[PDB]
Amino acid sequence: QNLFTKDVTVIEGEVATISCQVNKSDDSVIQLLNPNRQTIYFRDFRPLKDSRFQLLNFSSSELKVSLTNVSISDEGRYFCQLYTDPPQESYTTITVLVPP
């Protein structure tokens, strides 16, 4: 496996940072999906009309996205996909804690 990510804990109302990392990249497409397996980012393109998501970094090796004003409705598995042949998938679990 060349694709990795890491779980995220975030306090409700704060900003979550979600990252898909690629080791030894060959520049295959990186995608990040939400818990309903809807695409948030496809490379640097966001088809999902939720402006709380922003692109923090995009390179051959990384797709890093922030989610601002997280709510409990955002909790769950976010799926990184890498379009090697065959493709790879690795999910991160976002846990949302009670606010202050």
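All residue numbers refer to positions in the sequence shown, first residue = 1.
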Higher average CA B factor in the deposited record is what I'm after, so tell me if that's 71-79 or 25-33.
25-33
Classify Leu3 as lowest, middle or highest third according to the C-alpha B-factor given in the PDB entry, relative to its own chain.
lowest
Of the three thirds of the chain ranked by Cα temperature factor, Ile11 occupies the highest
For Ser61, the third of its chain into which the C-alpha B factor falls:
middle
B-factor third for the C-alpha atom of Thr39 within its chain
lowest
Third assignment of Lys49 from its chain's C-alpha B-factors:
highest
